[PDB]
Amino acid sequence: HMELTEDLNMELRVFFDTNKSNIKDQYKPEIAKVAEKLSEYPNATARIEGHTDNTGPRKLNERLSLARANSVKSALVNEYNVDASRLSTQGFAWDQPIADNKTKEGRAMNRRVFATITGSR
Amino acid sequence: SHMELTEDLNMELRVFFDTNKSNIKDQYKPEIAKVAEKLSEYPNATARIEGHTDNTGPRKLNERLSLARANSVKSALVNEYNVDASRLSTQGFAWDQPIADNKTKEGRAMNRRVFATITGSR
Ligand SMILES: N[C@H](CCC[C@H](N)C(=O)O)C(=O)O
Ligand SMILES: N[C@H](CCC[C@H](N)C(=O)O)C(=O)O
């Protein structure tokens, strides 16, 4: 006898322009690959978390962070027919920076969605 | 790039043997083939193959036979499936690691085994 499992772990990082929550063209191949693996691992789920740099009104950044996570989700749901209930979204506004908000470069890093996908088969 | 993707494989194989024998019996061949299939789909995976005996008969016979059983499973992957030999370790433990009661025929049959763990990622 023989038993086997395969475990999926994926991290997707999507970055955004100031004030924007669109998915730039360059990320579309990475979203396609996430969709492919959610089909290959049908029990898989994703936790999609969106973020802003620390500029502009708090209320703007609460919305924009969630809008960025939702744009990612929407791309999977609408363009790849991924079931919505497998993908959670949350926005964290500026509360979890990964880089220096003092520089243009650190702010571009903070304007992001990180999605973690896990599954097994 | 903007994505990290890992798929981890964990697979367990159990093969059991007739007394004094290290040949692979036919009923085990579909499983060994499925192991070779995954070692191909995960070309970085390796296998730890461990052979064992029941506690009957001379000590050195069991030392040799336990490693012979582990080597016979390795030999099937290497020779029939062209798995790279350096990816597979073999080790015999004679009767030192029983999984069943050596006082019965059925327990002795469970101890005459090779257990292999195959792990890796792609
Ligand atoms: N011009 C805008 C930039 C804010 C949006 C920013 N926090 C982002 O993450 O894209 C302002 O400073 O009010
Ligand atoms: N009839 C042999 C059997 C010994 C090998 C046995 N320990 C095995 O694991 O196959 C003897 O008693 O010397």
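All Cβ positions, even for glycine, are placed from backbone atoms using ideal geometry, and neighbour counts span all protein chains on display. A short reminder: the numbers here are calculations on the coordinates, not readings from a lab.
If neighbour count is taken as other Cβ atoms inside 10 Å, put B:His2, A:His1 in order from fewest to most.
By the 10 Å Cβ count, ascending, the order reads A:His1, B:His2.
What number does chain B give for Rg over Rh if you use C-alpha atoms and the Kirkwood radius?
For chain B, the value is 1.05.
At a threshold of 8 angstrom on Cα-Cα distance, excluding pairs fewer than six apart, so keeping six or more, what relative contact order does chain A reach in percent?
RCO, chain A: 43 percent.
Just to be sure I understand the model, the point goes 7 Å from the Cα along the line to the Cβ. What's the resulting B:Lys34 to A:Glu40 distance in nm?
If labels sit at B:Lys34 and A:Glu40, their model points lie 2.0 nm apart.
Can you give me the pair-distance distribution of the protein assembly as shown, C-alpha pairs, 10 Å bins, whole percents?
Binned Cα distances yield the sequence 7, 25, 19, 14, 13, 12, 7, 1, 0.
What does the convex hull of the alpha-carbon atoms of the range B:27-80 project to on average, in nm²?
Its average projected convex-hull area is 4.4 nm².
With r defined as the distance between the Cβ atoms of A:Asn54 and A:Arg13 and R0 fixed at 22 Å, what FRET efficiency is calculated, to the nearest 0.05?
About 0.70, to the nearest 0.05.
To the nearest 10 degrees, how steep is helix A:58-74 against the longest Cα principal axis of chain A, on a 0 to 90 scale?
The angle comes out near 30 degrees.
Report the extension gain between B:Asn20 and B:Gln97 in nm, rounded to one decimal, defined as 0.36 nm multiplied by the number of residues separating them, less their alpha carbon distance.
Length difference between fully extended and current span is 26.0 nm.
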